[PDB]
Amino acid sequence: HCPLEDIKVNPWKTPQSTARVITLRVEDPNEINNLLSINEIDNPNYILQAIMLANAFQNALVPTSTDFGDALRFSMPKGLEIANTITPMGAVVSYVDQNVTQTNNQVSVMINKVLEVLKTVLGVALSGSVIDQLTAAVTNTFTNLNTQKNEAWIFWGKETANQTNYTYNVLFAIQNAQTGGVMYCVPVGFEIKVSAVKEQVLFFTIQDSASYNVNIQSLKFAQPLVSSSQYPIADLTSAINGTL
């Protein structure tokens, strides 16, 4: 109806993504998996491979100390042991076991601190390709905990009047242009102490302020790609159930 204007082009305006997001909550799996599986793939033929890596690193979870509470967390040491046993064989590119602390700071700051560690593990190129999911994943470690509180990847430890202990287990599988002929797998075990009662922590936002003492344990594992396009879907159903 109106006159067709000449194109004004802002080179900073971010284009809308074309990426398809599919979340699966598999009720009552045959074998229990206590890792939140976050997958950034460009070829769905590597999904099976991604799931099988999550199945393997399930064995790298270990109980916390009694003084922390009754919780499971991904262990970097045990991760390395497990890594060796994984077939097809692959390489541990990097690993980390580091404490992160803050005092009377906003939750946003803590998220940034943790992000800084995971970005160091992933690397610039790798970080960039998964920046949205990575940020969201770390955000959902410290906030949005109410709807997550009873899920299989979060465990509540000791619960004093001044402090809440909890663990959080997330796994990233990455396969795209930045990965080439290998898929990257980055399990993360969070051991979190926060200066607030559970009731408050459950409804913590990025605006809230708190003191944190957090241990992060992670490693980056590169496994050569294996397409599964020729296998039946029964095999993927088996991988998800942990029976493959």
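Numbering starts at 1 and runs along the sequence shown.
- For the pair 90 to 98 and 152 to 160, the record assigns the higher mean C-alpha temperature factor to 90 to 98.
- In this entry, the higher average B-factor at the C-alpha atoms falls on 101 to 109, of the pair 165 to 173 and 101 to 109.
- Taking the deposited Cα B-factors for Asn39, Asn30, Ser218, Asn215, the highest one is held by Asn30.
- Placement of the Cα temperature factor of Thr179 within the chain: highest third of the modelled residues, per the deposited record.
- Remark: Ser129 belongs to the middle third of its chain, ranked by C-alpha B-factor as recorded.
- In the PDB entry, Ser195 places in the middle third of its chain by CA B-factor.
- Ranked against the other modelled residues of its chain, the C-alpha B-factor of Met76 as given in the entry falls in the middle third.
- Per the PDB record, residue ranking by Cα B-factor puts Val121 in the highest third of the chain.
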